[PDB]
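S.K.: first portion of the complex, with coordinates as positioned in the assembly:
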Amino acid sequence: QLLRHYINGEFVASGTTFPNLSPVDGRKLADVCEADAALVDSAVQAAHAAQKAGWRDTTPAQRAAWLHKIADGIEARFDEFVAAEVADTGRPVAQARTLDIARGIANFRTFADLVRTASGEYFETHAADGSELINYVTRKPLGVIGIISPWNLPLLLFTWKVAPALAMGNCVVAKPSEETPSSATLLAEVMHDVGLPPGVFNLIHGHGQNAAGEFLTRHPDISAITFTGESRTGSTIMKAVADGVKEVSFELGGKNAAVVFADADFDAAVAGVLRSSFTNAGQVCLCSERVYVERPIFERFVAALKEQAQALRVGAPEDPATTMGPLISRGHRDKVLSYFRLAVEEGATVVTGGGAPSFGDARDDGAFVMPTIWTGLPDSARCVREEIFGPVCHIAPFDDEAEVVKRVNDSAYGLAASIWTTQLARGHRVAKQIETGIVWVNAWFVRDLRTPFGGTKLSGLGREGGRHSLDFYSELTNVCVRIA
């Protein structure tokens, strides 16, 4: 199998290639083409031309119909998409079916429905001099959107940017993670099979720094960059687009807290924190790596979570009993295991986990790590402040509400938080104080796609979802007409 670029309506091979390797057993899955700067420029030019060749002038109804054809096209190959996603990431099959591919599909239908119903603002102005004017706000595409998408939830986070960009009449040059090329290449096959006009959607494969990703961010003819991934890489991109003052939309790192009050539903909160710590082997920007538990239930809470974490089954996705997969790569695992080392240096009590398992077969050539729980670290320790992006949480006691609010907000990140309580007043008054883009109460990672999603502080720039997506992927123009 060879994974090719998709440029101006046709698949294209290129220069050097690199192998796509399984995080489960290290086996070679495919070769992947690597786009050089000339090839990236090729794609950007194809997208600019497709703008002028008529895509810019499609109606919202025409665009929504295209989005629904694409969504139909994914469904028709649903199992192919699942198998591709599982092979790239090692994600358990059941989770790939219901969280990854399904939500990938829902992204297209959601923005299709939103651009069909979307309207605009109208204002009447009565000027001091007695004149009268009308104002209305129109939208046109930015033009060409460059999309650099992350490896942790590959199809989901890719379609999350591609669907609204196309919905607002932009063309797209998209570069998926070098670790997870497969489902994006299948999406290109769908684009091709439904006959999207050539150059409207372009896929380029390759690496990031000094490679295709960078080239894309520095191209003078892109109109904006959308990015999900590490905060440091967000900063690099922000500098790269600066001279062209390009638009940017960032979803970056987090060091999210879960707070469990003594009045919580105890067994739901333990199950909830298990999910928010170890889903996708803790490789979700929304995962909870800090937990604060009110002191009277702190010891029992640690004990109960330890039991449930040790009952997880770490392994290959073809095993129906598997409930946590590997990390994305042995390189990422080296970074996570180095934090696990640092926790011991910082004096942590290792409640469970703290290393990689041993299988005694080809799974040892993969990238597995055990679910890990720490206690005993102060709020100042590097391991409770710095994002690890592995399956780990630290748990600490707290004594009162004003204290734990401050401890939650003590972070240079501000992506998400979850709070567990049964009390009406407490639930609302605590949630409104948390300096994050999202706060869940007695829940986690429930995503209504109409709501504003993004981060504060180091965790992001802008919001997506609903009208925030409509406004980001568009240029707003206020048309002000004198009528008297």
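M.R.: That came in fine, so what should we check first? Residues are numbered from 1 along each chain as shown, chains lettered A, B, ... in the order given.
S.K.: with just CA atoms, put stretch A:347-363 into CSV.
M.R.: What follows is stretch A:347-363, C-alpha atoms only, in CSV (Å, rounded to 0.1, in the frame of the first residue of the first chain):
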residue,chain,number,x,y,z
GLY,A,347,8.9,12.1,45.4
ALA,A,348,5.6,10.7,44.1
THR,A,349,3.9,7.7,45.6
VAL,A,350,3.2,5.4,42.7
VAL,A,351,-0.2,4.0,43.4
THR,A,352,-0.3,1.9,40.2
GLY,A,353,1.4,1.7,36.8
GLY,A,354,4.6,3.9,36.3
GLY,A,355,6.0,2.0,33.3
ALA,A,356,5.5,0.0,30.2
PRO,A,357,4.1,-3.6,30.4
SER,A,358,5.9,-6.7,29.1
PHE,A,359,4.0,-9.1,26.7
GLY,A,360,6.7,-11.6,25.6
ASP,A,361,5.6,-11.2,21.9
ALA,A,362,5.4,-8.7,19.0
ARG,A,363,3.3,-6.4,21.2
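S.K.: show me the beta-bridge partners of the nearest residue to residue A:462 once chain neighbours are set aside.
M.R.: Nearest residue to residue A:462, sequence neighbours excluded (C-beta to C-beta, 6 or more residues apart in numbering): residue A:249, at 4.6 Å. To be clear about C-beta, it is placed using only N, CA and C from the backbone, and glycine gets the same treatment. Counting by DSSP bridges, residue A:249 is bridged to residue A:226.
S.K.: any idea how far residue A:249 is from residue A:16?
M.R.: 30 Å (C-beta to C-beta, to the nearest Å).
S.K.: what of residue A:136?
M.R.: 51 Å.
S.K.: next up, chain B:
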Amino acid sequence: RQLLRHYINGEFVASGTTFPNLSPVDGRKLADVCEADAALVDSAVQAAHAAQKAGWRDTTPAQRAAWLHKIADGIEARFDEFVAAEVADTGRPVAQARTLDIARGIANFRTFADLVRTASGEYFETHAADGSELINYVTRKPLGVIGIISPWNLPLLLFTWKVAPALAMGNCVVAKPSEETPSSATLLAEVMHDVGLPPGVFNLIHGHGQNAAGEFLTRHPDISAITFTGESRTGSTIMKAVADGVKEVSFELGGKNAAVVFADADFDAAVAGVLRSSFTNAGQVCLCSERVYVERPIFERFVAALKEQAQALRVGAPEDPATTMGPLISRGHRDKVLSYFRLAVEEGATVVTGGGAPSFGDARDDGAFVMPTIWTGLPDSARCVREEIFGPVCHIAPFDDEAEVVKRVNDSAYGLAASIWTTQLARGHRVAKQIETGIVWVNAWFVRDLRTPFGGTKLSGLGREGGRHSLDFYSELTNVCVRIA
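M.R.: Okay, chain B now, added to the rest:
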């Protein structure tokens, strides 16, 4: 000596070096201005951060709206002083400073006070796959500390355009006005002080930009956002400076704006309108029309009529009631403009009127005056019709058809604003919708409803301000998602 001090944590404070504030009318020294170094800038940011936690963060919208109206009242109570400070710094004719600068400065505070008082939020119900139900609602809290760097061209107006929504949304502010125009911002600090706004909520720092107080502010790791109005090159520098902290940014940057006059336009209104859009504030507004396109059958008549009105302008000092155009901001800026005037001539321009400085024979010659200027004869590719000059000048070219002039207007790396003159219903709307700018006026110019989205496309900006766009920019949105079943 008049000494213009910083305002930090509820008091005026000098610093260890100063620079002169000079009149653009006769070059005389008006004051000495303190210069904030990087340690003083950091002090202002920390005061702003402490003021957030000391309770400004927890004010209600009603409380904020009341503060903003008190501030508005305090400026009104000193209206003539504000006028005189603005006139002294900019040379702007008095009658215009009164009605466009200071009056709209006051209106910014009242407008955002009323918007925040009525603003509401969104609520969504979620029925999840597993049968559970959740409610979502979207809350806004302040970003925190907003850094505000404002330009010299409409000093009080554009300073308050940012300060008012920032304070309305419960942020604290560290604001650095232009080194050319410190005076009205300093009076604003006195008003803040006199109404007793809590210490640290509003901080004023004076100084220069590059390698000075402005730059220091943008690289500070504890600011939450930078709002900036000014040159596009400076926007790019700021964007890099905040990158490591991923700070929010809102930019209103350069433009090379066009006015389009169709043969079916109201001729007398379009000539007066283009006089206005070209020479208001001596052409020193980001929104000014430095390119004009006129449909060929009325082109010669249009050029001739505009020439006559432009030569009826009276260039001089603001104390003369007859003055209708003032100086440029500084002799340095005048040097840049007169260098473009020479470049237009090398590129083959016909000088219809103006093209140089007046000659007075007294101290007004020590100021920064230049004459209203009109060019013709340059191709769309010429530097003088592509590069922002930010002086009292327009180039006029003929066009033959509608599809053509739309292309010529959009052939620009800028995309701030445009104005179209026509009496035809279909034409007005269909042309306006194709223009790649943040704003398009039809039979008007620089009409600003503060509820509408204002900003630029391409090199001319990032984001929108006005109405809900200001409400959202100066706040962090939080979606609160609560399981109920």
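S.K.: next, count neighbours for residue A:430.
M.R.: Neighbours of residue A:430 under the rule other C-beta atoms under 10 Å in any protein chain shown: 22.
S.K.: so which residue is dead centre in chain A?
M.R.: Centroid-nearest residue in chain A, with C-alpha atoms, centre = their mean: residue A:157, separated by 4.6 Å.
S.K.: just the element for that residue, please.
M.R.: Counting by DSSP states H and E, the element that carries residue A:157 is helix A:154-167.
S.K.: residue A:133 and residue B:446 touch, don't they?
M.R.: No: contact criterion C-beta atoms under 8 Å: residue A:133 and residue B:446 do not qualify, at 12.0 Å.
S.K.: so which elements touch the helix or strand containing residue A:425?
M.R.: According to DSSP H and E, residue A:425 maps onto helix A:424-431. Under the contact criterion of 3 or more C-beta pairs under 8 Å, 6 or more residues apart in numbering or on different chains; DSSP states H and E, helix A:424-431 touches helix A:401-409, strand A:416-420, strand A:438-441, strand B:475-483.
S.K.: hmm, back to that, list the contacts for the residue nearest to the centre of chain A?
M.R.: A:149-150, A:228, A:251 (C-beta atoms under 8 Å, 6 or more residues apart in numbering or on different chains).
S.K.: contacts only, for residue A:337.
M.R.: Listed by C-beta under 8 Å, 6+ apart, the contact partners of residue A:337 are A:355-356, A:369.
S.K.: for PyMOL, what selects the buried ones among these?
M.R.: Only the buried members of the contacts of residue A:337 end up in this PyMOL selection, burial being decided by 16 or more other C-beta atoms under 10 Å in any protein chain shown:
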select buried, chain A and resi 356+369
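S.K.: following sequence is chain C, add it:
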Amino acid sequence: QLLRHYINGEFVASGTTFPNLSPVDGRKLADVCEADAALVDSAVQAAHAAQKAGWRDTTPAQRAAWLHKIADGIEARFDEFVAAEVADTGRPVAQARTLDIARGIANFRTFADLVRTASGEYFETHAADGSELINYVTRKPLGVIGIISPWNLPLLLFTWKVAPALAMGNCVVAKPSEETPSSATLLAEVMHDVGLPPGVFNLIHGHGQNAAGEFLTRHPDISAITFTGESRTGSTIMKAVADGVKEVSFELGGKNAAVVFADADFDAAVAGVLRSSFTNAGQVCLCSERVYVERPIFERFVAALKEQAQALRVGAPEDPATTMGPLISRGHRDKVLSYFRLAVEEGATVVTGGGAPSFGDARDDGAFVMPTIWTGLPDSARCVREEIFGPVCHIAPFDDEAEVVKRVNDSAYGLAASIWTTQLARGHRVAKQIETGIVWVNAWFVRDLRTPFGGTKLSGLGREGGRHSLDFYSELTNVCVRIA
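M.R.: Chain C now in position relative to the chains above:
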């Protein structure tokens, strides 16, 4: 063929029947069942039960999916629906395809998309005493909607009320016009074939006063009545629901003006006024029966419209050359011909038309009338004030703008108006002065289904379209929760 009621998931025959007769040649098309009060009560009870049996608790996603199944179901029988509509009304086939059945279908998809994207309002309250509350606005169904629909655009105006009522989770008891039963009965067959839960949609056939329509309006267990038809009948219904204070939504009569300024595009304005006067043989509440033309083009305008009106071909829909059909019935024709008589009594100049044609075959057993133009009547004449609802317009000269605005607004009706001008300022400043629910400039009967549609004065109560439909077919509840 026998047209049956549809009650609680099954077709039901009833008591007496009446014939469905063609307006083209008088031939019998079918017998129609007639619902007595016990049968109407039967339907209302079935709808109330279906509310409690679970329809009230469907989600917006479930409802939208049902609406789309219904829309698919209509498309699958598109030609059957066209033939039924044409047979009932005599409408030309081409017009039945593109205006009637297509828009019937679009109504379902539109409200399906709107209830999927719809959201709600949230307000925070900071009370004087220092307390803090949140408010959010929820929607639940009214319950059971009684729908009485008109004969002029039968499927279109029926689905215009049925689609939003079902979208907001109501059950429906619907009574179509005794003149046009057929396409509504087919819609019931679609409801049945997709398996909508029993009692959610109920169809009752019969007449109005002292018959099924009245019975429905007086039932104590309906929650609201929606009605399109004559203003007098609106008043009767408003009185009938009064003791139960039921909700009402009315789209009633109009005496609409078209205004043509001398600066208009002359040939577009003549074509436009032909359309707005004689579409559906002038049997649309939106039709223009008054025209004001600026004096310098008044004589040429009358002459040009006369020529185009005489070029219309009045006849049976199976003739491909036919461009205007009959009136709905010989009874309605008697009322229209009595106004044509009154115009002569009032001193009108009859420019063209003024009577029924003669065919010399079975078409004389139908209900045809010729396109009719008058001049010479003062603003006070009954024939330019009272709604005729036939293919007629009166044309008058005017001299200035302020005059014609006043003459347009001089009416006890206020449904719609159209204005023809090429001038920017004039177009906007005149439109904003017109006391109607809708004003078109250089257009007529262009319906964006997201916009508010309804009348002022005698022409209506409420608006439908978009959020106005969402709010009408729902009960709003403000939930106010103290949190501190």
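S.K.: so, the neighbour count of residue A:430 revisited with chain C in the model?
M.R.: Other residues near residue A:430 number 23, with proximity taken as other C-beta under 10 Å.
S.K.: count the residues that sit near the nearest residue in space to it that is not next to it in sequence.
M.R.: Excluding the flanking residues, the one nearest residue A:430 by C-beta to C-beta, 6 or more residues apart in numbering or on different chains is residue A:419, at 5.6 Å. Using other C-beta under 10 Å, residue A:419 has 28 other residues around it.
S.K.: for residue A:204, grab the count of nearby residues.
M.R.: Neighbour count of residue A:204, defined by other C-beta under 10 Å: 27.
S.K.: typo on my end, it should be residue A:20
M.R.: Per other C-beta under 10 Å, the neighbour tally for residue A:20 reads 21.
S.K.: which non-adjacent residue is nearest residue A:66?
M.R.: residue A:196 (6.4 Å).
S.K.: next: residue A:271.
M.R.: residue A:308 (7.2 Å).
S.K.: thinking that neighbour is in contact with residue A:274, fair?
M.R.: Yes: using C-beta under 8 Å, residue A:308 is in contact with residue A:274, at 5.0 Å.
S.K.: higher neighbour count, these two?
M.R.: Using other C-beta under 10 Å as the criterion, residue A:308 and residue A:274 rank with residue A:274 on top: 20 against 17.
S.K.: in stretch A:55-74, which residues are buried?
M.R.: Those would be A:55, A:58, A:60, A:63-64, A:66-71, A:73-74, for stretch A:55-74 by 16+ other C-beta under 10 Å.
S.K.: what is the nearest of those to chain C?
M.R.: Among these, residue A:64 lies closest to chain C (C-beta to the nearest C-beta), at 8.9 Å.
S.K.: which residues does residue A:398 contact?
M.R.: By C-beta under 8 Å, 6+ apart, the residues touching residue A:398 are A:259, A:292-295, A:404, A:407.
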